[PDB]
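**Student:** sequence, then structure. It's an experimental one.
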Amino acid sequence: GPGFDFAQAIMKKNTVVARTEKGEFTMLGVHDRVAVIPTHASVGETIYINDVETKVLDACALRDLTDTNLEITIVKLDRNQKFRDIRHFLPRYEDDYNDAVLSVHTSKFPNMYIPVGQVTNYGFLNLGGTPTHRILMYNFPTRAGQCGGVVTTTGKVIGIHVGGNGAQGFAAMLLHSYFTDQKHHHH
Ligand SMILES: *[C@@H](CC(=O)OCC)[C@H](C[C@@H]1CCNC1=O)NC(=O)[C@@H](CC(=O)[C@@H](NC(=O)c1cc(C)on1)C(C)C)Cc1ccc(F)cc1
């Protein structure tokens, strides 16, 4: 069936509740003190992590070479815990997937799992009026409150939930090359 065991292990060790002025989001920690959150969360220079106020040391809203929103923001956080390194679970390329799980960790839903079915490489999405690329699509009625939710299949962390129209759900891709270790003035 769906990979519930895999999704649970990712939730246990690699998720936190993140809270900005836009609300609460599931936040996936990727490695060391680096995590991801939907760009719509509007991260500033501090963020609440599990209700603890935390300095945001770096924040990078990803865009592609067309200067189009990818809806992923990568954050570096000032906190003592290191995240388990899950980069080796990230896909190398764009792909479609079978029988994925969407996993939420918020104050309202401290852990909840939703089998979303098949996931297709959707591409372009007008996301609440912002053009966005690299989007994954599932036919599941996802809802407000699930943004940031982790999308997995066994062995792979493939996206974070960012949108939905009452019939389909949409995730922003996570690619392995987003998190590899030059000299760049990026602000
Ligand atoms: C998650 C965030 C949340 O709860 O509110 C953030 C303040 C939310 C999940 C969806 C809400 C309804 N169902 C969901 O799964 N994400 C959003 O609200 C983004 C906006 C949307 O999802 C819109 N949907 C679409 O634009 C759309 C287009 C198509 C083909 O299908 N759906 C609304 C109709 C909900 C938030 C967002 C992200 C990026 C932006 F630039 C603007 C807004």
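**Tutor:** Done, it's in. Numbers count the residues shown, from 1 in each chain.
**Student:** the residue of the chain found nearest the ligand: how many residues sit nearby?
**Tutor:** Residue nearest to the ligand within the chain: residue 164 (2.1 Å; CB to the nearest ligand atom). No exception for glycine: its C-beta is placed from N, CA and C like everyone else's. Neighbours of residue 164 under the rule other CB atoms under 10 Å: 19.
**Student:** for residue 66, same thing?
**Tutor:** 8.
**Student:** pull the contacting residues for the closest residue in space to it that isn't next to it in sequence.
**Tutor:** Of all residues not flanking residue 66 in the chain, residue 133 sits nearest, at 7.1 Å (CB to CB, 6 or more residues apart in numbering). When contacts are counted by CB atoms under 8 Å, 6 or more residues apart in numbering, residue 133 touches 64, 66, 68-70, 123-125.
**Student:** do the same with residue 178
**Tutor:** Shown in contact with residue 178 (CB under 8 Å, 6+ apart): 62, 72, 74, 90.
**Student:** go on, residue 130?
**Tutor:** residue 69.
**Student:** what residues are up against the most centrally placed residue in the chain?
**Tutor:** Centroid-nearest residue in the chain, with CA atoms, centre = their mean: residue 160, separated by 3.0 Å. By CB under 8 Å, 6+ apart, the contact list for residue 160 reads 26, 28, 36-38, 72, 147-151, 171-172, 174.
**Student:** mind checking which of the residues you listed are in strands?
**Tutor:** 26, 28, 36-38, 72, 150-151, 171-172 (DSSP state E).
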